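Have a look at the structure below before the remarks.
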Amino acid sequence: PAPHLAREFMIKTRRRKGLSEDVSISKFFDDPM
Amino acid sequence: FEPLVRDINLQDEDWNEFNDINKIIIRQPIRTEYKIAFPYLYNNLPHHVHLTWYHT
Amino acid sequence: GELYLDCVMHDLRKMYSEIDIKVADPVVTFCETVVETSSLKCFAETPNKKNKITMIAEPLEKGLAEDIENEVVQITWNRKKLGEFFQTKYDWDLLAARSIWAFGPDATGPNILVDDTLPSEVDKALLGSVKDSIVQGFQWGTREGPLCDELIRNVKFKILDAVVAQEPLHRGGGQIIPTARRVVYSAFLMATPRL
Amino acid sequence: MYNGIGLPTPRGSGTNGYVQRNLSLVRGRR
Amino acid sequence: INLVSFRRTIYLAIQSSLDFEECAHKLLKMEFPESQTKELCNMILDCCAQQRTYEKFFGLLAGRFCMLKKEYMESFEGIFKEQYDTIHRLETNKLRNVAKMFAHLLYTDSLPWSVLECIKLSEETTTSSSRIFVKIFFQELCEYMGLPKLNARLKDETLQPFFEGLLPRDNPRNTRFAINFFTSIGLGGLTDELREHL
RNA sequence: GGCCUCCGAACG
């Protein structure tokens, strides 16, 4: 009933789409600063 | 009626993992009436089926 | 709709080619968006250490998103008509509405590209020469979001610190275009995205 | 064969057990 | 007559229908009114302790049963409060079954709420049935209930101050006798709070 | 929220 359905739709969307779990863009995308 | 063309069971470990997903979307518990009138909803054994009468 | 899936399944299998085909359960196509503005600044650098890209993301207005779906002012129209549409519609400043670089993906998706900064107005050749590069890389990054790899909606981008190259051969398309999606991914991450 | 449950041959074994959902499945779902 | 026949059918379906978690569909299919709910819980516990050995199916039927509706878990709280009034009145062999069912439901903790407060009688006042059964349910419930997380999490759940015998600090006989009875029953470091407080 | 296979006569 809660946003867990949307976040689970993103995680399952990446798993079914062939993408890694990711969800952390700090180290991957952004600079360490 | 009967199982008709289906004999007993036909499946595969790699085919079930590719077609289905351990983690997938869950909204409704797969309504049979939805798959009845929609031959594209149920892809199991679509052979010799007279169906798809839309509304009224 | 599901009717096109039924006629496409019965047409494909029952009409075009007869073969065993197993289809998975249908699902809606997810989209990418931004709930809030990006507070953290985007720090990007070329692999050859030449050009540096910095930008921030902000959610577009409701009338700006719906107008973006309606296309609002024509992209081929002069910048004066765009400044009059954004200034007379979203109450944006003349310099802010006149700083728009490029539109969203395929001039369709609600993604704005504009550079408003004090040093940006000092060097015109920096933003002009760097326009086709960042926007050339931002078009590919706008189709696949940083999370679900979906088109970004209501995504506003404003470049702040743009380092222009010694020689232009130092930072090329490979040092610019892919780096534009990384800064957009960082700004989208700090922007608290929403599907 | 209903949705999720059924016996292809109803004459196969004994009689078709008119199953429902079990007053406990709702307890496990809630 | 109504409770005799209701207990005859409840015991007939209780001794039958293996994996009683599925038998809950028949128990709820009986459609007993609210007046037969409390008597069905008391007689349900009587059939739970009537077996020759401790049965986990009774704990599962009580967990799902009591976990079904609000008056169900409420009937488990009130029925557990009435069960705490047994003490020496309960059978010796059935005390292990009451400790196994009460320890199984206590491990889940869902339906019981104040059962932790109703336990822990005074220092020198006991029937030895709640002390021995409290040691059996404390050892088994300590093993399967995650005793470090059960005692550590139970310390912040305010269950100890709500219990008479579990109260440390002021009362010397409660904390001291609780340290001697707990440490003597195998609690080990679980009595260090009452030992240092005493 | 429902779905209830059952179903016998000789000869030998």
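We name chains A, B, ... following the order of the structure tokens; residues begin at 1 in each chain, and ligands are numbered from 1 as shown.
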
Interface residues on chain B facing chain A, 12 Å, only C-alpha atoms, written as a list in words: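 For chain B, the answer reads residues 17, 18, 19, 20, 21, 22, 23, 24, 25, 26 and 27 of chain B.
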
With N, CA and C atoms retained, write the just-selected residues as a CSV table (one decimal), in the first residue's frame.
```
chain,number,residue,atom,x,y,z
B,17,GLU,N,12.2,-19.6,-16.0
B,17,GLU,CA,12.9,-18.4,-15.5
B,17,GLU,C,13.0,-17.3,-16.4
B,18,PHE,N,13.0,-17.6,-17.7
B,18,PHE,CA,13.0,-16.5,-18.7
B,18,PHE,C,11.6,-15.9,-18.9
B,19,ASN,N,10.5,-16.7,-19.0
B,19,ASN,CA,9.2,-16.2,-19.2
B,19,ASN,C,8.7,-15.5,-17.9
B,20,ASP,N,8.8,-16.2,-16.8
B,20,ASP,CA,8.3,-15.6,-15.5
B,20,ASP,C,9.5,-14.9,-14.8
B,21,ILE,N,9.3,-14.3,-13.7
B,21,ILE,CA,10.3,-13.6,-12.9
B,21,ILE,C,10.0,-13.9,-11.4
B,22,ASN,N,11.1,-14.1,-10.7
B,22,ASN,CA,11.0,-14.3,-9.2
B,22,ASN,C,10.5,-13.0,-8.6
B,23,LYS,N,11.0,-11.8,-9.0
B,23,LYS,CA,10.6,-10.5,-8.6
B,23,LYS,C,9.9,-9.8,-9.8
B,24,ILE,N,8.6,-9.6,-9.7
B,24,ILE,CA,7.8,-9.0,-10.7
B,24,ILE,C,6.8,-8.1,-10.1
B,25,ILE,N,5.9,-7.6,-11.0
B,25,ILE,CA,4.8,-6.7,-10.5
B,25,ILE,C,3.6,-7.5,-10.1
B,26,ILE,N,3.0,-7.1,-9.0
B,26,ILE,CA,1.8,-7.8,-8.4
B,26,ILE,C,0.8,-6.8,-8.1
B,27,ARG,N,-0.4,-6.9,-8.8
B,27,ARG,CA,-1.5,-6.0,-8.7
B,27,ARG,C,-2.8,-6.8,-8.4
```

Residues within 8 Å of range 136-153 of chain E, only C-alpha atoms (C1' of nucleotides), excluding chain neighbours under 2 positions, as a list in words: residues 96, 99, 100, 102, 103, 104, 106, 107, 108, 132, 133, 134, 155, 156, 157, 186, 187 and 190 of chain E

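With the cut-off set to 9 Å and only C-alpha atoms counted, chain A residues close to chain C are residues 6, 9, 10, 11, 13, 14, 17, 19, 21, 22, 23, 24, 25, 26, 28, 29, 30, 31, 32 and 33 of chain A.
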
7 Å contact set for range 4-7 of chain F, only C-alpha atoms (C1' of nucleotides), chain neighbours under 5 positions out, as a count of residues only: 9

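Residues in contact with residue 180 in chain C at 6 Å, where only C-alpha atoms (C1' of nucleotides) are counted and same-chain residues fewer than 4 positions away are skipped, are listed as residues 134, 137 and 138 of chain C.
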
Pull C-alpha atoms from the residues just selected and write them as an mmCIF file, in the first residue's frame.
```
data_model
loop_
_atom_site.group_PDB
_atom_site.id
_atom_site.type_symbol
_atom_site.label_atom_id
_atom_site.label_comp_id
_atom_site.auth_asym_id
_atom_site.auth_seq_id
_atom_site.Cartn_x
_atom_site.Cartn_y
_atom_site.Cartn_z
ATOM 1 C CA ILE C 134 26.366 18.822 -23.923
ATOM 2 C CA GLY C 137 24.962 14.012 -24.994
ATOM 3 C CA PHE C 138 21.929 15.142 -23.011
#
```

All residues 12 Å or closer to residue 3 in chain D, only C-alpha atoms (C1' of nucleotides), same chain fewer than 6 positions away omitted, as a ChimeraX atom specification: /B:28-36,42 /D:20 /F:3

Got time to write the residues from that selection, N, CA, C and O atoms (P, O5', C5', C4', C3', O3' and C1' of nucleotides), as a PDB file, in the first residue's frame?
```pdb
ATOM      1  N   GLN B  28      -3.212  -7.572  -9.332  1.00  0.00           N
ATOM      2  CA  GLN B  28      -4.376  -8.424  -9.172  1.00  0.00           C
ATOM      3  C   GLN B  28      -3.967  -9.892  -9.250  1.00  0.00           C
ATOM      4  O   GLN B  28      -3.001 -10.237  -9.937  1.00  0.00           O
ATOM      5  N   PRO B  29      -4.685 -10.792  -8.554  1.00  0.00           N
ATOM      6  CA  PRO B  29      -4.312 -12.212  -8.515  1.00  0.00           C
ATOM      7  C   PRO B  29      -4.685 -12.991  -9.776  1.00  0.00           C
ATOM      8  O   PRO B  29      -5.310 -14.052  -9.709  1.00  0.00           O
ATOM      9  N   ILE B  30      -4.283 -12.463 -10.935  1.00  0.00           N
ATOM     10  CA  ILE B  30      -4.446 -13.128 -12.226  1.00  0.00           C
ATOM     11  C   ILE B  30      -5.887 -13.577 -12.431  1.00  0.00           C
ATOM     12  O   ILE B  30      -6.184 -14.776 -12.393  1.00  0.00           O
ATOM     13  N   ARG B  31      -6.790 -12.620 -12.637  1.00  0.00           N
ATOM     14  CA  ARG B  31      -8.195 -12.948 -12.840  1.00  0.00           C
ATOM     15  C   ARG B  31      -8.371 -13.815 -14.081  1.00  0.00           C
ATOM     16  O   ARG B  31      -7.908 -13.465 -15.171  1.00  0.00           O
ATOM     17  N   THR B  32      -9.044 -14.956 -13.908  1.00  0.00           N
ATOM     18  CA  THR B  32      -9.256 -15.868 -15.028  1.00  0.00           C
ATOM     19  C   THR B  32     -10.217 -15.284 -16.055  1.00  0.00           C
ATOM     20  O   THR B  32     -10.063 -15.531 -17.256  1.00  0.00           O
ATOM     21  N   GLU B  33     -11.212 -14.515 -15.605  1.00  0.00           N
ATOM     22  CA  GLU B  33     -12.130 -13.878 -16.542  1.00  0.00           C
ATOM     23  C   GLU B  33     -11.414 -12.858 -17.417  1.00  0.00           C
ATOM     24  O   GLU B  33     -11.816 -12.633 -18.564  1.00  0.00           O
ATOM     25  N   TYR B  34     -10.354 -12.235 -16.896  1.00  0.00           N
ATOM     26  CA  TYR B  34      -9.580 -11.298 -17.703  1.00  0.00           C
ATOM     27  C   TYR B  34      -8.813 -12.023 -18.802  1.00  0.00           C
ATOM     28  O   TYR B  34      -8.727 -11.533 -19.933  1.00  0.00           O
ATOM     29  N   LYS B  35      -8.253 -13.193 -18.490  1.00  0.00           N
ATOM     30  CA  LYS B  35      -7.532 -13.973 -19.486  1.00  0.00           C
ATOM     31  C   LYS B  35      -8.461 -14.732 -20.422  1.00  0.00           C
ATOM     32  O   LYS B  35      -8.055 -15.061 -21.542  1.00  0.00           O
ATOM     33  N   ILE B  36      -9.685 -15.028 -19.986  1.00  0.00           N
ATOM     34  CA  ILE B  36     -10.672 -15.722 -20.806  1.00  0.00           C
ATOM     35  C   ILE B  36     -10.941 -14.930 -22.080  1.00  0.00           C
ATOM     36  O   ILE B  36     -10.635 -15.386 -23.186  1.00  0.00           O
ATOM     37  N   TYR B  42      -3.464 -14.953 -21.798  1.00  0.00           N
ATOM     38  CA  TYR B  42      -3.061 -16.325 -21.508  1.00  0.00           C
ATOM     39  C   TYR B  42      -2.453 -16.918 -22.773  1.00  0.00           C
ATOM     40  O   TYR B  42      -3.164 -17.175 -23.750  1.00  0.00           O
TER      41      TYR B  42
ATOM     42  N   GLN D  20     -12.649 -23.135  -1.045  1.00  0.00           N
ATOM     43  CA  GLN D  20     -12.956 -21.709  -1.021  1.00  0.00           C
ATOM     44  C   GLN D  20     -11.683 -20.874  -0.931  1.00  0.00           C
ATOM     45  O   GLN D  20     -11.009 -20.640  -1.935  1.00  0.00           O
TER      46      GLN D  20
ATOM     47  P     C F   3     -20.306 -23.715  -4.480  1.00  0.00           P
ATOM     48  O5'   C F   3     -20.212 -24.746  -5.692  1.00  0.00           O
ATOM     49  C5'   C F   3     -18.954 -25.110  -6.251  1.00  0.00           C
ATOM     50  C4'   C F   3     -18.988 -25.093  -7.760  1.00  0.00           C
ATOM     51  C3'   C F   3     -18.316 -26.283  -8.442  1.00  0.00           C
ATOM     52  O3'   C F   3     -18.986 -26.549  -9.675  1.00  0.00           O
ATOM     53  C1'   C F   3     -17.220 -24.294  -9.080  1.00  0.00           C
TER      54        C F   3
END
```

Alpha helix (DSSP H) positions in chain A, given as a list in words: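 Secondary structure check on chain A, alpha helix (DSSP H): residues 4, 5, 6, 7, 8, 9, 10, 11, 12, 13, 14, 15, 16 and 17 of chain A.
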
Option closest in space to residue 60 in chain C, from C:89, C:128, C:112, C:82 [counting only C-alpha atoms]: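 Closest to residue 60 in chain C, using only C-alpha atoms: C:112.
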